[PDB]
>>> print(open('protein_32.txt').read())   # compact mmCIF, C-alpha atoms
# COMPACT_ATOMS: atom_id res chain seq x y z
CA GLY R 1 -22.94 0.73 42.88
CA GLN R 2 -20.18 -1.95 43.18
CA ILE R 3 -17.43 -2.77 40.67
CA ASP R 4 -16.59 -6.49 40.48
CA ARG R 5 -13.42 -7.82 38.81
CA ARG R 6 -12.99 -11.48 37.64
CA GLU R 7 -10.30 -13.50 35.82
CA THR R 8 -10.48 -16.54 33.44
CA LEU R 9 -7.42 -16.72 31.07
CA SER R 10 -7.02 -20.09 32.77
CA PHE R 11 -10.44 -21.79 33.36
CA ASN R 12 -12.23 -20.09 36.31
CA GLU R 13 -15.60 -18.96 37.92
CA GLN R 14 -13.97 -16.56 40.41
CA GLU R 15 -14.62 -14.61 43.56
CA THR R 16 -14.74 -10.83 43.00
CA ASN R 17 -12.21 -8.18 43.83
CA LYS R 18 -14.45 -5.40 45.33
CA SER R 19 -13.93 -1.59 45.27
CA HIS R 20 -16.34 0.96 46.90
CA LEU R 21 -15.12 3.99 44.84
CA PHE R 22 -18.69 4.84 43.59
CA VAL R 23 -20.44 7.17 46.13
CA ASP R 24 -23.62 7.93 44.06
CA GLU R 25 -26.60 6.24 45.86
CA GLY R 26 -28.94 7.83 43.20
CA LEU R 27 -28.12 5.00 40.68
CA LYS R 28 -29.68 2.12 42.80
CA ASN R 29 -33.05 2.33 40.92
CA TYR R 30 -31.60 2.59 37.32
CA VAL R 31 -30.92 -0.06 34.63
CA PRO R 32 -28.64 0.45 31.56
CA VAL R 33 -30.43 0.24 28.12
CA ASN R 34 -28.03 1.78 25.50
CA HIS R 35 -24.19 2.29 25.45
CA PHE R 36 -21.39 3.81 23.24
CA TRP R 37 -17.61 4.64 22.98
CA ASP R 38 -15.90 7.72 21.51
CA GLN R 39 -14.63 7.08 17.92
CA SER R 40 -11.45 9.18 18.65
CA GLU R 41 -10.91 8.70 22.44
CA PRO R 42 -10.44 5.02 23.46
CA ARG R 43 -10.64 5.96 27.22
CA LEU R 44 -14.12 7.63 26.82
CA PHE R 45 -17.46 5.77 27.24
CA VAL R 46 -21.23 6.48 27.85
CA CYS R 47 -24.38 4.60 28.94
CA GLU R 48 -28.12 5.49 29.01
CA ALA R 49 -30.03 4.04 32.00
CA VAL R 50 -33.86 3.86 32.51
CA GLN R 51 -35.71 4.00 35.89
CA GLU R 52 -37.76 0.73 35.63
CA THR R 53 -41.22 0.51 37.38
CA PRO R 54 -42.21 -2.47 39.69
CA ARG R 55 -44.51 -5.28 38.37
CA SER R 56 -47.84 -3.93 39.79
CA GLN R 57 -48.53 -0.28 40.65
CA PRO R 58 -49.92 1.26 43.94
CA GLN R 59 -51.68 4.66 44.45
CA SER R 60 -51.46 7.52 47.02
CA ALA R 61 -54.27 8.59 49.44
CA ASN R 62 -54.52 11.95 47.55
CA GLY R 63 -55.07 12.26 43.74
CA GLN R 64 -51.36 12.93 42.90
CA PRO R 65 -49.61 11.50 39.76
CA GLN R 66 -48.64 8.05 40.98
CA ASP R 67 -44.81 8.38 41.48
CA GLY R 68 -44.56 12.02 40.25
CA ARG R 69 -45.93 12.91 43.79
CA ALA R 70 -42.57 14.61 44.54
CA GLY R 71 -40.14 17.02 42.79
CA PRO R 72 -38.16 16.14 39.61
CA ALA R 73 -35.62 13.41 38.67
CA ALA R 74 -34.46 11.98 35.30
CA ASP R 75 -36.85 9.73 33.34
CA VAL R 76 -33.60 8.27 31.96
CA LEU R 77 -29.99 9.05 33.07
CA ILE R 78 -26.98 9.51 30.80
CA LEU R 79 -23.71 8.47 32.51
CA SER R 80 -20.26 9.01 30.92
CA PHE R 81 -17.01 7.46 32.09
CA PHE R 82 -13.29 7.63 31.65
CA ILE R 83 -11.87 4.08 31.77
CA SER R 84 -8.14 3.39 32.42
CA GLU R 85 -5.72 0.61 33.46
CA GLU R 86 -4.22 2.86 36.23
CA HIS R 87 -7.42 4.43 37.77
CA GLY R 88 -10.28 2.01 36.83
CA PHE R 89 -13.72 3.63 36.24
CA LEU R 90 -14.18 7.39 36.75
CA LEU R 91 -17.63 9.04 36.33
CA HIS R 92 -16.94 11.90 33.85
CA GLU R 93 -20.63 13.00 33.86
CA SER R 94 -24.14 12.18 35.05
CA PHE R 95 -27.14 14.11 33.61
CA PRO R 96 -30.88 13.71 32.81
CA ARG R 97 -31.66 12.86 29.18
CA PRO R 98 -33.00 16.20 27.75
CA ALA R 99 -36.83 16.66 27.92
CA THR R 100 -36.89 17.08 24.08
CA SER R 101 -34.96 13.71 23.67
CA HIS R 102 -36.49 10.17 23.45
CA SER R 103 -33.24 8.01 23.59
CA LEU R 104 -29.38 8.08 23.40
CA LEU R 105 -28.31 7.39 19.76
CA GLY R 106 -24.51 7.65 20.19
CA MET R 107 -21.50 9.73 21.19
CA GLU R 108 -18.54 11.40 19.40
CA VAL R 109 -16.76 14.44 20.98
CA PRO R 110 -17.78 17.17 21.47
CA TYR R 111 -21.30 15.51 21.46
CA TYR R 112 -23.63 12.89 22.90
CA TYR R 113 -26.33 12.10 20.27
CA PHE R 114 -30.06 11.75 20.90
CA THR R 115 -33.29 11.00 19.02
CA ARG R 116 -35.63 14.12 18.98
CA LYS R 117 -39.47 13.98 19.35
CA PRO R 118 -41.34 14.89 16.07
CA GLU R 119 -43.99 16.16 18.61
CA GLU R 120 -41.68 19.22 19.16
CA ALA R 121 -39.68 19.81 15.88
CA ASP R 122 -42.74 21.50 14.19
CA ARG R 123 -43.24 24.10 17.05
CA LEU X 1 -19.88 -21.83 46.36
CA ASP X 2 -18.00 -21.99 42.99
CA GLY X 3 -14.48 -22.41 44.44
CA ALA X 4 -15.96 -25.33 46.44
CA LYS X 5 -17.37 -26.81 43.14
CA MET X 6 -13.79 -26.90 41.71
CA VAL X 7 -12.68 -28.86 44.80
CA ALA X 8 -15.67 -31.20 44.17
CA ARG X 9 -14.60 -31.58 40.46
CA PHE X 10 -11.02 -32.43 41.58
CA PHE X 11 -12.26 -35.21 43.97
CA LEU X 12 -14.65 -36.43 41.19
CA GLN X 13 -11.51 -36.74 38.95
CA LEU X 14 -9.67 -38.64 41.79
CA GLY X 15 -12.80 -40.87 42.30
CA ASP X 16 -13.44 -40.07 46.04
CA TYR X 17 -17.26 -39.89 45.95
CA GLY X 18 -17.33 -39.54 49.80
CA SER X 19 -15.38 -36.24 49.72
CA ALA X 20 -17.10 -35.11 46.48
CA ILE X 21 -20.57 -35.44 48.17
CA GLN X 22 -19.70 -32.93 50.99
CA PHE X 23 -19.50 -30.07 48.44
CA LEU X 24 -23.20 -30.69 47.66
CA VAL X 25 -23.86 -29.31 51.17
CA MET X 26 -20.98 -26.77 51.05
CA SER X 27 -21.76 -25.40 47.52
CA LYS X 28 -25.53 -26.06 48.24
CA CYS X 29 -25.97 -28.41 45.16
CA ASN X 30 -28.05 -30.83 47.37
CA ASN X 31 -30.07 -32.60 44.58
CA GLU X 32 -26.89 -33.67 42.72
CA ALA X 33 -25.82 -35.14 46.11
CA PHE X 34 -29.15 -36.98 46.53
CA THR X 35 -28.84 -38.52 43.02
CA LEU X 36 -25.05 -39.29 43.38
CA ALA X 37 -25.57 -40.91 46.84
CA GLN X 38 -28.52 -42.87 45.30
CA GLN X 39 -26.38 -44.06 42.31
CA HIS X 40 -23.60 -45.36 44.67
CA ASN X 41 -26.05 -46.57 47.44
CA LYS X 42 -24.32 -44.23 50.06
CA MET X 43 -27.64 -42.69 51.17
CA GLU X 44 -26.90 -42.97 54.96
CA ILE X 45 -23.64 -40.97 54.39
CA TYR X 46 -25.63 -38.25 52.53
CA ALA X 47 -28.27 -38.24 55.35
CA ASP X 48 -25.48 -37.80 58.00
CA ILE X 49 -23.76 -35.02 55.93
CA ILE X 50 -27.26 -33.40 55.79
CA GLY X 51 -26.82 -32.68 59.58
CA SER X 52 -25.67 -29.11 58.52
CA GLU X 53 -27.84 -25.92 58.89
CA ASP X 54 -28.76 -25.88 55.10
CA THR X 55 -31.25 -28.75 55.41
CA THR X 56 -34.77 -29.97 56.17
CA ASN X 57 -37.14 -32.87 57.02
CA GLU X 58 -37.98 -32.65 53.23
CA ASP X 59 -34.44 -33.94 52.60
CA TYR X 60 -35.02 -37.01 54.87
CA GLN X 61 -38.53 -37.36 53.29
CA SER X 62 -37.20 -37.22 49.67
CA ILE X 63 -34.72 -39.95 50.74
CA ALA X 64 -37.58 -42.00 52.33
CA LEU X 65 -39.74 -41.63 49.15
CA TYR X 66 -36.77 -42.85 47.04
CA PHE X 67 -36.40 -46.05 49.16
CA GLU X 68 -40.23 -46.49 49.10
CA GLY X 69 -40.02 -46.29 45.24
CA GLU X 70 -37.26 -48.97 45.42
CA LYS X 71 -39.64 -51.01 47.75
CA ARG X 72 -36.73 -51.11 50.31
CA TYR X 73 -39.25 -51.05 53.19
CA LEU X 74 -36.62 -51.27 56.01
CA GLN X 75 -34.59 -48.29 54.66
CA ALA X 76 -37.81 -46.39 53.72
CA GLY X 77 -38.93 -47.10 57.33
CA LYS X 78 -35.57 -45.71 58.68
CA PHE X 79 -35.86 -42.43 56.69
CA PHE X 80 -39.59 -42.04 57.57
CA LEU X 81 -38.46 -42.51 61.24
CA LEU X 82 -35.83 -39.70 60.71
CA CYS X 83 -38.56 -37.54 59.04
CA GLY X 84 -40.83 -38.22 62.11
CA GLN X 85 -43.56 -40.12 60.13
CA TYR X 86 -44.03 -42.86 62.79
CA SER X 87 -47.27 -44.41 61.36
CA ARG X 88 -45.74 -44.87 57.83
CA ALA X 89 -42.45 -46.05 59.39
CA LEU X 90 -44.29 -48.71 61.49
CA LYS X 91 -46.59 -49.75 58.58
CA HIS X 92 -43.44 -50.28 56.42
CA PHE X 93 -41.67 -52.20 59.26
CA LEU X 94 -44.81 -54.42 59.69
CA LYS X 95 -44.98 -54.95 55.86
CA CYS X 96 -41.37 -56.34 55.81
CA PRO X 97 -41.02 -59.99 54.60
CA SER X 98 -39.96 -62.74 57.07
CA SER X 99 -36.23 -62.61 56.00
CA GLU X 100 -35.83 -59.17 57.74
CA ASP X 101 -38.43 -59.74 60.51
CA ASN X 102 -36.00 -59.53 63.50
CA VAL X 103 -34.48 -56.15 62.42
CA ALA X 104 -37.91 -54.89 61.26
CA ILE X 105 -39.42 -55.84 64.67
CA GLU X 106 -36.50 -54.17 66.50
CA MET X 107 -37.04 -51.01 64.41
CA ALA X 108 -40.87 -51.30 64.81
CA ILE X 109 -40.17 -51.52 68.60
CA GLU X 110 -37.93 -48.42 68.24
CA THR X 111 -40.60 -46.66 66.09
CA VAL X 112 -43.33 -47.40 68.67
CA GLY X 113 -40.84 -46.50 71.45
CA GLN X 114 -40.15 -43.07 69.85
CA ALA X 115 -43.83 -42.52 68.82
CA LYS X 116 -45.35 -43.44 72.27
CA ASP X 117 -48.74 -43.78 70.45
CA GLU X 118 -51.15 -46.25 72.15
CA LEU X 119 -52.79 -47.28 68.81
CA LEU X 120 -49.37 -48.08 67.28
CA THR X 121 -48.31 -49.67 70.62
CA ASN X 122 -51.36 -51.92 70.80
CA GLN X 123 -50.95 -52.65 67.02
CA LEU X 124 -47.37 -53.84 67.67
CA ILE X 125 -48.35 -55.71 70.92
CA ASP X 126 -51.15 -57.41 68.88
CA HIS X 127 -48.37 -58.32 66.35
CA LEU X 128 -45.94 -59.58 69.10
CA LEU X 129 -48.90 -61.48 70.68
CA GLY X 130 -49.66 -62.75 67.09
CA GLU X 131 -53.33 -61.62 66.78
CA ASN X 132 -52.49 -60.36 63.21
CA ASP X 133 -50.52 -63.42 61.90
CA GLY X 134 -51.35 -66.43 64.15
CA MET X 135 -48.00 -66.50 66.08
CA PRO X 136 -46.50 -64.94 69.22
CA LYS X 137 -42.87 -63.96 69.13
CA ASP X 138 -39.98 -64.61 71.60
CA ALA X 139 -40.57 -63.03 75.08
CA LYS X 140 -37.30 -61.06 74.46
CA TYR X 141 -39.29 -58.83 72.02
CA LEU X 142 -42.13 -58.10 74.53
CA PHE X 143 -39.35 -57.37 77.08
CA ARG X 144 -37.59 -55.07 74.50
CA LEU X 145 -40.92 -53.30 73.71
CA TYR X 146 -41.60 -52.72 77.44
CA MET X 147 -38.02 -51.30 77.74
CA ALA X 148 -38.51 -49.10 74.59
CA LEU X 149 -41.82 -47.75 76.09
CA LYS X 150 -39.99 -47.30 79.51
CA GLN X 151 -42.55 -49.73 81.05
CA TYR X 152 -39.63 -50.86 83.26
CA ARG X 153 -41.64 -52.85 85.93
CA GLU X 154 -43.43 -54.87 83.18
CA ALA X 155 -39.99 -55.34 81.53
CA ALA X 156 -38.62 -56.51 84.96
CA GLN X 157 -41.45 -59.08 85.34
CA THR X 158 -40.64 -60.32 81.77
CA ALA X 159 -36.89 -60.51 82.64
CA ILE X 160 -37.77 -62.66 85.74
CA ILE X 161 -39.79 -65.02 83.46
CA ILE X 162 -36.84 -65.32 80.99
CA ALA X 163 -34.43 -65.87 83.98
CA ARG X 164 -36.58 -68.50 85.82
CA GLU X 165 -36.75 -70.51 82.59
CA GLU X 166 -32.93 -70.28 82.22
CA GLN X 167 -32.39 -71.33 85.93
CA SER X 168 -34.59 -74.39 85.41
CA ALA X 169 -32.46 -75.33 82.35
CA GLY X 170 -29.17 -75.02 84.42
CA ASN X 171 -28.08 -71.90 82.39
CA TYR X 172 -27.18 -69.98 85.57
CA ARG X 173 -24.86 -67.55 83.65
CA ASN X 174 -27.63 -66.60 81.15
CA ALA X 175 -30.27 -66.17 83.91
CA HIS X 176 -27.71 -64.05 85.71
CA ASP X 177 -26.88 -61.92 82.59
CA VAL X 178 -30.61 -61.22 81.86
CA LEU X 179 -31.44 -60.24 85.49
CA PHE X 180 -28.22 -58.21 85.68
CA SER X 181 -29.00 -56.18 82.48
CA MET X 182 -32.40 -55.35 84.01
CA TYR X 183 -31.14 -54.70 87.60
CA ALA X 184 -28.45 -52.30 86.25
CA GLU X 185 -31.13 -50.39 84.23
CA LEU X 186 -33.62 -50.24 87.18
CA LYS X 187 -30.68 -48.95 89.34
CA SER X 188 -29.59 -46.40 86.65
CA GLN X 189 -33.19 -45.10 86.59
CA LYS X 190 -34.99 -44.10 89.88
CA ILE X 191 -37.14 -47.30 89.90
CA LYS X 192 -38.16 -50.14 92.33
CA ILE X 193 -36.10 -53.35 91.92
CA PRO X 194 -38.29 -56.50 92.52
CA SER X 195 -37.29 -58.32 95.76
CA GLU X 196 -37.42 -61.63 93.79
CA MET X 197 -35.10 -60.21 91.02
CA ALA X 198 -32.61 -58.90 93.62
CA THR X 199 -32.79 -62.21 95.60
CA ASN X 200 -32.41 -64.40 92.47
CA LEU X 201 -29.54 -62.37 90.96
CA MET X 202 -27.69 -62.29 94.30
CA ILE X 203 -28.13 -66.09 94.64
CA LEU X 204 -26.93 -66.68 91.01
CA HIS X 205 -23.93 -64.41 91.33
CA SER X 206 -23.05 -66.19 94.64
CA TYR X 207 -22.94 -69.47 92.66
CA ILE X 208 -20.69 -67.83 89.94
CA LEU X 209 -18.39 -66.51 92.74
CA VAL X 210 -17.94 -70.12 94.08
CA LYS X 211 -15.95 -70.90 90.87
CA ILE X 212 -13.87 -67.68 91.21
CA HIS X 213 -13.08 -68.23 94.95
CA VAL X 214 -12.37 -72.01 94.64
CA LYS X 215 -10.09 -71.30 91.60
CA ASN X 216 -8.29 -68.57 93.64
CA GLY X 217 -7.91 -71.08 96.58
CA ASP X 218 -10.23 -69.10 98.95
CA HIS X 219 -12.05 -72.12 100.41
CA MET X 220 -13.64 -69.84 103.08
CA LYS X 221 -15.35 -67.43 100.59
CA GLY X 222 -16.13 -70.46 98.33
CA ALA X 223 -17.70 -72.41 101.25
CA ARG X 224 -19.69 -69.37 102.56
CA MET X 225 -21.07 -68.75 99.03
CA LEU X 226 -21.87 -72.50 98.78
CA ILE X 227 -23.70 -72.24 102.19
CA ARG X 228 -25.93 -69.40 100.80
CA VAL X 229 -26.51 -71.29 97.52
CA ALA X 230 -27.33 -74.45 99.60
CA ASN X 231 -29.77 -72.45 101.83
CA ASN X 232 -31.55 -71.65 98.46
CA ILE X 233 -30.91 -75.01 96.69
CA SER X 234 -34.50 -75.10 95.25
CA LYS X 235 -33.47 -72.24 92.83
CA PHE X 236 -30.85 -74.62 91.25
CA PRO X 237 -33.05 -77.66 90.31
CA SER X 238 -30.52 -78.98 87.70
CA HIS X 239 -27.38 -79.10 90.07
CA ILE X 240 -28.70 -79.94 93.64
CA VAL X 241 -26.36 -82.86 94.76
CA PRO X 242 -23.21 -81.44 93.00
CA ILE X 243 -23.76 -78.11 94.84
CA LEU X 244 -24.50 -79.77 98.24
CA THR X 245 -21.49 -82.17 97.85
CA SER X 246 -19.25 -79.20 96.95
CA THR X 247 -20.79 -77.34 99.97
CA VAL X 248 -19.77 -80.17 102.37
CA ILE X 249 -16.24 -80.46 100.87
CA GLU X 250 -15.52 -76.69 100.82
CA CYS X 251 -17.05 -76.24 104.33
CA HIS X 252 -14.78 -79.07 105.63
CA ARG X 253 -11.75 -77.48 103.82
CA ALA X 254 -12.69 -74.06 105.34
CA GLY X 255 -13.01 -75.53 108.92
CA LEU X 256 -16.83 -74.91 108.89
CA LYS X 257 -17.29 -78.50 110.17
CA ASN X 258 -20.77 -77.91 111.70
CA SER X 259 -21.96 -76.47 108.32
CA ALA X 260 -20.20 -79.39 106.55
CA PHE X 261 -21.98 -81.80 108.97
CA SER X 262 -25.39 -80.06 108.41
CA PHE X 263 -25.08 -80.37 104.58
CA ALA X 264 -23.67 -83.93 105.02
CA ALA X 265 -26.71 -84.81 107.21
CA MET X 266 -28.87 -83.21 104.43
CA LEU X 267 -27.00 -85.27 101.74
CA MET X 268 -27.60 -88.42 103.88
CA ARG X 269 -31.39 -87.97 103.22
CA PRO X 270 -32.89 -90.71 100.94
CA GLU X 271 -33.60 -88.08 98.19
CA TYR X 272 -29.83 -87.38 97.72
>>> encode(input="protein_32.txt", output="structure tokens")
Amino acid sequence: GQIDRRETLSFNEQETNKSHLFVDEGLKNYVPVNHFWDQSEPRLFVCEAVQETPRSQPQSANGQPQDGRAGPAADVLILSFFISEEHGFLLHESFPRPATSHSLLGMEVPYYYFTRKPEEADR
Amino acid sequence: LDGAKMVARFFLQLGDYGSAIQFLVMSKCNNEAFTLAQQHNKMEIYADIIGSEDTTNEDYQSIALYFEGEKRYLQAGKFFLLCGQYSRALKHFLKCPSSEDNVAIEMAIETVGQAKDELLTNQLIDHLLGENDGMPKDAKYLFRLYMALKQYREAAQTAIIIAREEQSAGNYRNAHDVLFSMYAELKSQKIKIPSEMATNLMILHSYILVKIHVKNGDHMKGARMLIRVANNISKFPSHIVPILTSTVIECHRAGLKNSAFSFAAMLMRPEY
């Protein structure tokens, strides 16, 4: 959840400035996979992040679905940001990718764009 | 780590390899240090810098295996000794050619002294007593091995042998200096001094003090030291009549005329 900053206009491999402005401990298990900017708003940005599984998988004592043992969270998160020289990175939104949606395709206001399942369009 | 690499790059541009090598500990780039210290033959400086918390016996071993690959058996021996591989260290010290044999024997003595192993000890004693090469070595090395093993009474007996030889030769200062280096050690430890060693050293130092007192014009202390040396004249077989003649003269100068007369009556014997 950290933001680093580094400088190399002159040749450098620098130490980070560190800011702790991100409070959301829910992101620790997510990895970004797709990203986009608004075609009209240069301050506005979005990223799709997947919840990656460890290399080999355990099981529970009871016959539950293996990590779906508990209540819901996002298969994949969509995070949107306002980015500025005066205020840094501000989380504009966080939401689950819709259950009818297979990936983030883009963004241009008023809309994020997603790829729909042909499993559901015929219903 | 990376700010420290810039400081390394700056000293590499200035050409100070000694300062540049520290950053291979401080920025943890240890294998570039090993190879740089190898290329400039500064391997002891790298091994001393390696005294930091970042490091391992596998560093001293990788250094030892490098010198073993160079067939530098003395240096390989030294880094196996620092790694704690006493059998390999001794086997390398014993495999040294005869041009390094003194330093290799001193380090083999140190290796056996640190190891305390009876097989390695007997292997080195068999080497010092020549049963592997058809020659014993100077008694100074058996003495130094007994000291390295802390066999201090056996070392003391060997020091008395080396001293009695030097007394017979008239080298009273060398016999003194050997017995003294052993007496001081036996006194620094909690160990029995031989009554012969104490008696001999005392007698030898009394003879050295004759020169000091007679030079300083103290005919009394000079004469009284000469009286003790003369009461033990058999320990000075190379200087008997000079010592007794000096004893008479200094006793007469001191007003010890009965002592002067007793050593004059001794000098009047047909043997002197």
>>> residues_around(input="protein_32.txt", residues="segment 112-122 of chain R", least_positions_apart="6", cutoff="7 Å", atoms="all atoms listed in the file", output="PyMOL selection string")
chain R and resi 100-106
>>> residues_around(input="protein_32.txt", residues="segment 78-82 of chain X", least_positions_apart="4", cutoff="6 Å", atoms="all atoms listed in the file", output="PyMOL selection string")
chain X and resi 60+64+86+89
>>> residues_around(input="protein_32.txt", residues="residue 193 of chain X", least_positions_apart="3", cutoff="12 Å", atoms="all atoms listed in the file", output="number ranges by chain")
X: 152-157, 159-160, 179-180, 182-190, 196-201
>>> closest_residue(input="protein_32.txt", among="R:80, R:107, R:71, R:11", to="residue 46 of chain R", atoms="all atoms listed in the file")
R:80
>>> residues_around(input="protein_32.txt", residues="segment 132-148 of chain X", least_positions_apart="4", cutoff="8 Å", atoms="all atoms listed in the file", output="PyMOL selection string")
chain X and resi 105-106+109-110+112-114+125-128+152+154-156+158-159+162
>>> residues_around(input="protein_32.txt", residues="residue 268 of chain X", least_positions_apart="3", cutoff="12 Å", atoms="only C-alpha atoms", output="list in words")
residues 241, 244, 245, 248, 260, 261, 262, 263, 264, 265, 271 and 272 of chain X
>>> interface_residues(input="protein_32.txt", of="chain R", to="chain X", cutoff="8 Å", atoms="only C-alpha atoms", output="CSV table (one decimal) with C-alpha atoms, in the coordinates of the input")
chain,number,residue,atom,x,y,z
R,13,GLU,CA,-15.6,-19.0,37.9
R,14,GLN,CA,-14.0,-16.6,40.4
R,15,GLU,CA,-14.6,-14.6,43.6
>>> atom_distance(input="protein_32.txt", atom1="atom CA of residue 208 of chain X", atom2="atom CA of residue 258 of chain X")
24.0 Å
>>> atom_distance(input="protein_32.txt", atom1="atom CA of residue 23 of chain X", atom2="atom CA of residue 56 of chain X")
17.1 Å
>>> closest_residue(input="protein_32.txt", among="R:10, R:17, R:53, R:62", to="residue 31 of chain R", atoms="all atoms listed in the file")
R:53
>>> closest_residue(input="protein_32.txt", among="R:88, R:63, R:110, R:1", to="residue 40 of chain R", atoms="only C-alpha atoms")
R:110
>>> atom_distance(input="protein_32.txt", atom1="atom CA of residue 51 of chain R", atom2="atom CA of residue 65 of chain R")
16.3 Å
>>> residues_near_point(input="protein_32.txt", point="(-34.4, -30.1, 52.3)", cutoff="12 Å", atoms="all atoms listed in the file", output="MDAnalysis selection string")
chainID X and resid 25 28:31 33:34 46:47 50:63 83
>>> closest_residue(input="protein_32.txt", among="R:111, R:22, R:30, R:95", to="residue 44 of chain R", atoms="all atoms listed in the file")
R:111
